[PDB]
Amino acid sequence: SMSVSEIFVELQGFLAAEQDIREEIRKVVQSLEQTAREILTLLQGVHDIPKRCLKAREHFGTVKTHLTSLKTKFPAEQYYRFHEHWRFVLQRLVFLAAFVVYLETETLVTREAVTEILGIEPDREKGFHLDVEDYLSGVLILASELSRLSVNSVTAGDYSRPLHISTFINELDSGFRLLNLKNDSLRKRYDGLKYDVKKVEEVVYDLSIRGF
């Protein structure tokens, strides 16, 4: 036997506590997004590479700290309750992590490797996980970056990179065809990959026909 007023003062209790957790998260995500912009401007200078990748990995130190700081703000089991607060930045980081590995190794960073770069735990560890959907978004962002690098690369006199970028992006595309995407955001962004494919293939054509 609780009156409606008692019921609502109780609820106000819970809501204020939940609201506080969300505010605490927002602040850390501010810091995360700034470090993330910093990592981006840095890597987008490639448009001395090993130097940028070294500088960028120093910056993932700062990400590791923020991420451990983030886990402190909310209860581990409620990851998906507050997920949308950091969905954007976390996808950028996957992007930037993959981008670094691509510039170092011409290879696609494995999902587990991305967790390790960021701090963060794999699926079989509980506590802050990396979503399959967030990883794939980061990879599609990568592809758009790479198609852009391909054109700037011919600009700067590098005529070998675009051919590697071409084969790589065609790999990603075959990759996605294996998936039967259902998420709308994700099928949307996948639709953009076909334009990146087209652009990069056309860059290599331009190079093959030249000199002749």
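For every residue, the number given is its place in the sequence shown, counted from 1.
Size class of the missing deposited segment between residue 47 and residue 48: The entry leaves 4 to 9 residues without coordinates here.
Residue stretch of maximal mean CA temperature factor, 75 to 83 vs 90 to 98: Stretch with the greater average CA B-factor: 75 to 83.
Cα B factor band for residue 58 (lowest, middle or highest third within the chain): Highest third, going by the recorded CA B-factors of the chain.
Cα B factor band for residue 178 (lowest, middle or highest third within the chain): As the PDB entry reports it, the C-alpha B-factor of residue 178 lands in the middle third of its chain.
Residue 10 CA temperature factor, ranked by third within the chain: Tercile = middle for this residue's CA B-factor.
Residue 171, C-alpha B-factor rank within chain (lowest, middle or highest third): Lowest third.
Residue 143 - which third its CA temperature factor falls in, relative to the rest of the chain: Its C-alpha B-factor belongs to the lowest third of this chain's values.
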